[PDB]
Amino acid sequence: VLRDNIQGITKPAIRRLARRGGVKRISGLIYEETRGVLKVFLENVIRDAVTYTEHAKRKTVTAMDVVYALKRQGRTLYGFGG
Amino acid sequence: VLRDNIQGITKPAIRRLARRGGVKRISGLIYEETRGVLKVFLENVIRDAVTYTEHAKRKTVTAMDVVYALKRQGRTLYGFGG
Amino acid sequence: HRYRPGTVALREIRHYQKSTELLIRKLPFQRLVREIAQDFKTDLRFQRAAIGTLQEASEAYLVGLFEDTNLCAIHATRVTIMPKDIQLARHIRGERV
Amino acid sequence: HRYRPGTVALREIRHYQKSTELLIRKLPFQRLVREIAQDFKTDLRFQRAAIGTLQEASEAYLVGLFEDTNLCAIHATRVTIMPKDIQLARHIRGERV
Amino acid sequence: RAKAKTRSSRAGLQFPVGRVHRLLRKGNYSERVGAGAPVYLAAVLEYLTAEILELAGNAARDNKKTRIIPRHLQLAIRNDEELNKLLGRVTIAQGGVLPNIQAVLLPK
Amino acid sequence: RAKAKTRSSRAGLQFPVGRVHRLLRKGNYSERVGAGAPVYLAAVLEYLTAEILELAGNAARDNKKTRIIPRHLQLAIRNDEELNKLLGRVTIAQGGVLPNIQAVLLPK
Amino acid sequence: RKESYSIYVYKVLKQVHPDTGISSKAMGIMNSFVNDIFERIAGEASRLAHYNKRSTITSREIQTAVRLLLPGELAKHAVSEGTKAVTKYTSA
Amino acid sequence: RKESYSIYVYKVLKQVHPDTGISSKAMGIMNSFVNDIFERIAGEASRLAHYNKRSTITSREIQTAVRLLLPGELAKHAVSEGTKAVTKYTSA
DNA sequence: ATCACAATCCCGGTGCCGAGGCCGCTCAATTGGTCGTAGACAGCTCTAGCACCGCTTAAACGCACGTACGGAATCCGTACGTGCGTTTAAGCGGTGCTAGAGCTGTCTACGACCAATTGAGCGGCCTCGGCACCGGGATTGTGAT
DNA sequence: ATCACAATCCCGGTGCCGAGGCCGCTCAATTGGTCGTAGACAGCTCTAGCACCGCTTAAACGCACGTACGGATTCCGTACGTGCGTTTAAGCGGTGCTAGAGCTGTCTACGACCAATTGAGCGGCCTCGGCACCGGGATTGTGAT
């Protein structure tokens, strides 16, 4: 049973993500708030993807399930990741 | 030929709309900006509505053309404005 | 005797958030809609309910925009909405800016 | 000798906006995804491409959110982003808040 | 030949199963439509309708009124978190808005 | 029988008219599909593809590159107004972002 | 000869609040709501059928589409209602 | 044996940039783009046929969907290209 | 703290038009029989997901230090809100005219369907060349002076 | 303006693995013919959209005036950014094991289709009941006194 993996989203990673966003100075309370925002986004996408997987009677979440779930959220993605 | 009807959207009408939105104090330059925003929104909706009308070989814009054009913008409307 | 600045504004806020009627006058809005539509097609006719639906949607859109703008103005520690507040609210919403 | 505060930040901004690689480490993100998914169904399997796709989408979402948050912080005449900036950006976008 | 019985009455529903089946069949949704799909869809639509009407009637009764008007529907939707999430991109004609004044604008 | 000709070559296209017709027929879009609709659709799809590949090839050449990578597609889409409007809600995998630093954050 | 859900919405109203009427503007709102939810559920079920290369829309597709479209408590109660109605219909 | 647009995208690429290649990930992006635009146009055309009580999707519906979906000059050039292709096809 | 008096809630009392009930009919829903195939299920292969482990070394972390920034307080000047008299034009009701929406009937061209033919594209293998990286060297961007 | 030096750009010089070409064949696209019906087109009726006008009165407009707010300035305390030595764990590559994804074949229950029956829903007509309005009175809420 995995637990408390949200701390694997480290402060340096959040700083890199903010730098790609153009941020110059980051308050100390941003990291926990970002962790919450990311958790909510992932919960909604993963719930939809698992629904798509269970409808197909599969046990394995495929990339296409994730792509369809992102299309539900209005987050259309072109291509794939690794 | 109609000309310069955007000024028919008067300063007190914009003030009433801001009051329904909970705005307490309004800058003097807000009225022209609001007119520009309304003109852009109306242009998009009306262009789509007229496209729907033309596809039907009609000369009259119906309320259902407007409801489809609003549904295209992602602005679903229940009922009719009358 | 006269009311301090903002008392009448707060009364107006309570009154207009209580009500549901249209806040723009019907003839000027109809003239505006026809003037816009004449650019896409000449000699266009309109059902009355079409113009009514357009006004309902437009007023709802403007009221929602003013709510977001008021949030932006409060975020700047002002109480006056300014054009930059509208610009910020429309940019974040993804609108044509 | 020592760089003034902000010079290294501006260099980093230039570097990370030039590049396209993933900014979150893969193993921690995959553990996070599996931990979140166990609450919906036990003993799920994942294609590797599935987790990769999730990471790409998540990082894009966070970068867009940070851009909007930066706009809000600048609107408040600040150069430091704060939790209230994120709250305002997410509220204007229409998110759950 | 037995006396005709509606599929709504067999399923114990007020919403019309036959009309839902005809709409599903003619909507270019799929090549074939299963027997239970219109029944399930009608049950779901009826339940959502009942949920909204209950909240709107509560609002109307709170306003000392016996008729539901679009303002009552708007109040019911915007005050229920689930319905507000479902109908969040929807404009109700003549619905108005929820009374809400920001605390910073209030006096003294 | 005459020598077979693909409908794409009759219409002077590189995109496949026959496959577009087959996708239209099997996609539950309508009961019948006219003869000119797949031709028109293939033409439009080819035009949009050509626009994007032209812009992306220009972006690749500006970096002294021979092969188009996802970054060049992202730069082409975000730097062109109409494409940016059409693809507004789309994420390009490994596209990155446009370089953009707000002026107030720059020194002096 | 236009088609509306007005009589069925009125029947549901008489069960839920027996003494309460409804205005014709509010009945139009209700008709729009019913039609919008119908189109959402049917389109999501059609996408579910096409994704899995199936040709039939069954109660399974409807259940999955409802789980995809309805949030939280609403989805669970609607699924309960749909299952109950299908079970009662099958025993008829 | 999955079907994609890589061979036609490559042909168009060699038509516009003879000396330019493309990586497989950019090609996957292009395939996703073509599939997305196809879904959008076909869905809008199906809506247009349904609104007007027509059972057939013709080039008129495709053209109207193109005008509804594409912005500005893209729509004008796409309509021109489609009309030219249909005209050439009809004379064949 | 008080008061005038303005905004607001109570309590009834006629109107008045829209809700909701009622009835005949027609057209969509239901029932029963036949049949073709979609899909449910079983069985099998072999792909790819998971677990674990040891090494390397890049990233993360914790701490010290200093200064740049956020926040608070002050001040001023002018652009807002409020009130009042005058002007404007919206709203309403009525009249008249006609464009075009909606419907119906006819017919014919177009699209489905089917059987045979064939060539386009797909998967698999193979090979060179575009680009990533490294190292040496010249330029410039940044901080103290 | 000078100076140090870290960061950045520039110019080859390879390796390597993936972009792109080649080929056999199979399965999807094409050709030709027959048939039914979708819809193009004409013609007709009658609705509803547009034009216009005169009155009334609510709304808009212009102006005066004052003060509340926005913006600039200053000051300070600490929360941030930067640098560096140490610890952590990610990434990689290899191995083993097996769950389950993807496929194929069988067969049967289910859903389409069609003809006949029939009753639910809809349109029009009608009559009262809910609700907005009005006036007289009490409540309460704001700003100077």
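Readers should treat all values here as calculations from the given coordinates under stated rules, not as data from a laboratory. Heads up, the Cβs are rebuilt from the backbone with ideal geometry, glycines too, and the neighbour counts pull from every protein chain shown.
Every condition in (1) part of a helix (DSSP H, G or I); (2) within 14 Å of DNA strand J (Cβ to nearest atom); (3) touching a residue at least 12 places away in the same chain (Cβ under 8 Å) is met by C:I24 except one, and the failing one is (1). Scanning region C:20-41 for residues that are aliphatic (A, V, I, L, M) and either surrounded by 16 or more Cβ atoms within 10 Å (Cβ to Cβ) or within 17 Å of B:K59 (Cα to Cα) (or both) returns C:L22, C:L23, C:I24, C:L32, C:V33, C:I36, C:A37. Within region F:30-43, the residues that satisfy the criterion of being within 10 Å of DNA strand I (Cβ to nearest atom) and at the interface with another protein chain (Cβ under 7 Å from one of its Cβ atoms) are F:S30, F:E31, F:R32, F:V33, F:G34, F:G36, F:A37. In region G:48-69, the qualifying residues are those that are free of Cβ contacts under 8 Å to residues at least 12 places away in the same chain and more than 7 Å from chain E (Cβ to nearest Cβ), and the one that is nearest to DNA strand I (Cβ to nearest atom) is G:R54.
Exactly one residue out of E:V97, E:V104, E:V90 is facing chain B (nearest Cβ under 8 Å), among the hydrophobic types (A, V, I, L, M, F, W, C) and more than 19 Å from C:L23 (Cβ to Cβ): that is E:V90.
Is it true that E:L87 is surrounded by 23 or more Cβ atoms within 10 Å (Cβ to Cβ), within 26 Å of B:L70 (Cβ to Cβ) and of a type outside the set (D, E)? In short, no. A:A18 - would you say it is in a helix (DSSP H, G or I) and within 10 Å of DNA strand J (Cβ to nearest atom)? Considered against the rule, which asks whether it is in a helix (DSSP H, G or I) and within 10 Å of DNA strand J (Cβ to nearest atom), A:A18 comes out as yes.
Does G:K14 satisfy the condition of being touching a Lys or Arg at 6+ places or on another chain (Cβ under 9 Å), of a type outside the set (G, A, S), surrounded by fewer than 19 Cβ atoms within 10 Å (Cβ to Cβ) and farther than 28 Å from C:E21 by Cβ? No, not satisfied. The residue pairs whose first member lies in region D:73-97 and is closer than 14 Å to C:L88 by Cα, whose second member is in a loop (DSSP other than H, G, I, E, B) and hydroxyl-bearing (S, T, Y), and whose beta carbons are closer than 8 Å, counting only pairs six or more residues apart or on different chains, are D:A76/C:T77. Of the residues F:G96, F:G88, the single one that is more than 16 Å from DNA strand I (Cβ to nearest atom), small (G, A, S) and part of a loop (DSSP other than H, G, I, E, B) is F:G88. Within region B:27-54, residues that are farther than 13 Å from B:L70 by Cβ and within 16 Å of DNA strand I (Cβ to nearest atom) reach partners that are basic (K, R) and assigned to a loop (DSSP other than H, G, I, E, B) with beta carbons closer than 6 Å, at six or more positions or on different chains, in the pairs B:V50/C:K41. Across region D:72-86, the qualifying residues are those that are assigned to a helix (DSSP H, G or I) and buried (at least 23 other Cβ atoms within 10 Å of the Cβ), and the one among them that is farthest from DNA strand I (Cβ to nearest atom) is D:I86. For region E:28-59, which positions are surrounded by fewer than 20 Cβ atoms within 10 Å (Cβ to Cβ), closer than 22 Å to G:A49 by Cβ and more than 12 Å from DNA strand J (Cβ to nearest atom)? Passing the criteria: only E:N28. One residue stands out among those in region H:1-37 that are within 11 Å of DNA strand I (Cβ to nearest atom) and among the basic types (K, R): the one that is nearest to the other protein chains (Cβ to nearest Cβ), which is H:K11.
Restricting to region E:54-72, name every residue that is part of a helix (DSSP H, G or I) and closer than 29 Å to B:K24 by Cβ. Within region E:54-72, E:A59, E:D62, E:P70, E:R71, E:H72 meet the criteria. Of all residues in region E:6-27, those satisfying the criterion of being more than 8 Å from DNA strand J (Cβ to nearest atom), part of a loop (DSSP other than H, G, I, E, B) and either within 28 Å of H:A42 (Cα to Cα) or over 18 Å from the mean Cα position of the chain (by Cα) (or both) are E:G12, E:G27.
Name the residue that is farthest from D:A73 (Cα to Cα), counting only residues in region C:53-82 that are of a type in the set (V, I, T) and touching a helix residue (DSSP H, G or I) at 6+ places or on another chain (Cβ under 8 Å). Per the criteria, the residue is C:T53.
Can you report the number of residues in region A:41-60 which are more than 27 Å from D:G94 (Cβ to Cβ) and either of a type in the set (A, V, I, L, M) or at the interface with another protein chain (Cβ under 7 Å from one of its Cβ atoms) (or both)? Selection size over region A:41-60: 5. Tallying residues that are in contact with a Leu (Cβ under 9 Å, 6 or more places away or on another chain) and not β-branched (V, I, T) within region F:30-44 yields 6.
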